[PDB]
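Just one chain is shown here, as structure tokens, and it is the form deposited in one PDB entry.
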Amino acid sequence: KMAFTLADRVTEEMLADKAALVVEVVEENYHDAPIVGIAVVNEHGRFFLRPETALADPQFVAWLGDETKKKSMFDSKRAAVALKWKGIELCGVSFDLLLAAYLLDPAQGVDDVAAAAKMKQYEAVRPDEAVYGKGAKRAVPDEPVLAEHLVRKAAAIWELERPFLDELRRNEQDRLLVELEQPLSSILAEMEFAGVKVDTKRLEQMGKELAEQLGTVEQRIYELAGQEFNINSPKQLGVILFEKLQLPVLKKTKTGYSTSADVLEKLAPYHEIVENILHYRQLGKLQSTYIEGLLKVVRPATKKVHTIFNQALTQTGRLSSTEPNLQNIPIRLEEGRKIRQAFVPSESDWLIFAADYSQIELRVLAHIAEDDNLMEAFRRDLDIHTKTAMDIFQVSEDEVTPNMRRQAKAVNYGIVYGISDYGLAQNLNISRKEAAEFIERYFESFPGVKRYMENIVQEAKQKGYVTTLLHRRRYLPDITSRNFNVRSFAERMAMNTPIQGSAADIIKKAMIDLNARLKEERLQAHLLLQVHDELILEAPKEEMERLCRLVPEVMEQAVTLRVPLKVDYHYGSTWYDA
């Protein structure tokens, strides 16, 4: 039961200084996607507008871009970017119901207004899926039906703003929404719309050479196997390895024999076909994903790729990156790393600039756990992987063999992922008795870190959630489960979430601080990408000297911890060279 005006022209009363606004984009990937309808709810009434009408009306465009005209929305970044593709600027967004719901409880997986409304028992709006349908049936409904839906979403947003802000304020998360997530949303919109330029001539040539190489390795595998088979079928592969070649079975999953990389690496001493298969699967992923999959999403006229940074998805406060994912481009092996030669500046005589925090999660552990030894080591900037090696091996720094340090590495992060003796033994391919001693020795050497792990788990049990430095929360209702596996997993989330989530908080603030300094100083440099603990920029070559000063400082000063934050940086002609 809800009255509204199905308008055929914009009127002055639609342009009030406070409104709920819906700019509807049905396609999941909102880059260059149709806007199918608009709804406005304000003190004067409820209005639906056809986009052809509204977006061509100079007063409505003026209103959209007037920062003093405040809009309440759901997923304002989607709207903002879709409008950028329509050549229209959206300003004055004061409340984003998507981000408010996300901060209240990321586990709800809220991704439409109806799901947010459910959190406050508000039911006068339908789910998007119920209106548009799914898969090949997905379609925009008849105008009267669309209009009612959009108007109901706007009225829900209108009514839900205060209840959500009130609950955020109670949680000490109001400033997290208003001063961190909402400002970041605008910075992400800019980054997404800018996109990253791709050197398609180079990428296509890499793909042509890769196809030939894959072919060679493929035939070698068939030769070694005595038979052709589909290497990319774990099922067929399992028959070859474990039935035909009779290699030991080290692990099974629900569907059959495991052929995971960890497993195959341990089989290398039995047959040379296993190293070839590992190489083949690496090369094939390069081909399928970073050559072919990437070329599929390049906008041909501009040679740019435009990712979407999902800001309201991860359980810890990280971003994710989709279609394409530009946060998992290869780097570890030179063979894959060369993909980065295809990512280039968007203008002649510009360069790529990349800065990353060094061991931010470990410096966060040090802060939160107030562990003296760990804090001391970072204060002197003693190498952290060598410090741990000296303790779990019980030797002086000058006795830390190359492999001892690398063994201490995986212990160092492994502790922050809740690693068991079994897992550490499987990782380093070492004695499980020794793996247990390594862990034992670590926690006796970093008693503060040990105290934290015990304390944070007890807190999770008492409160039902854990929190980050800037008051992000994660609820862990399974932490008291009687089931060992369920409970143990939740305890590891209790240990890790405050650390990963705090590191996310810090880089988000650094992004907001950096943008502000860039704009103030009128630098042409701008952000392209965030990769969890790294920021990627492009800028004219003349600005490198400045950025070498500005970017590391901003990132290092974003928060003040009990240990220093450290940032490394490099630049060059392609992402590879940075």
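One-based numbering along the sequence shown.
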Open item on the list: At a threshold of one third of the other compared entries, does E192 come out as unmodelled?
Closed with: no
Task: Other entries omitting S346, at least a third - done: no
Open item on the list: Mean Cα B factor from the PDB record: higher for 439 to 447, or higher for 85 to 93?
Closed with: 439 to 447
Task: Between the two ranges 480 to 488 and 311 to 319, the one averaging a larger CA B factor in the entry - done: 480 to 488
TODO: Using the temperature factors in the entry, find which of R50, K509, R522, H532 has the highest value at its Cα atom.
DONE: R522
Open item on the list: So if I compare the CA B-factors in the entry for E212, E376, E192, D262, which one is the largest?
Closed with: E376
TODO: Can you work out whether the C-alpha temperature factor of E275 puts it in the lowest, middle or highest third of the chain?
DONE: lowest
- [ ] Could you look up the Cα B-factor of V23 in the entry and say which third of the chain it sits in: lowest, middle or highest?
- [x] lowest
Task: Entry-reported Cα temperature factor of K137, expressed as the chain third it lands in - done: middle
Task: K70 - which third its CA temperature factor falls in, relative to the rest of the chain - done: middle
- [ ] Compare the C-alpha B factor of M404 with those of the other modelled residues in its chain, then answer lowest, middle or highest third.
- [x] highest
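The same protein also has a form deposited in another entry, omitted here; what follows describes it.
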Task: Same rigid part for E399 and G135 between this form and the one not shown - done: no
Task: Cα separation of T401 and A436 in that other deposited form versus here, shift of 3 Å or more - done: farther
Open item on the list: Assuming the CA distance changes by 3 angstroms or more, are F393 and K433 closer together or farther apart in that other deposited form compared with the shown structure?
Closed with: farther
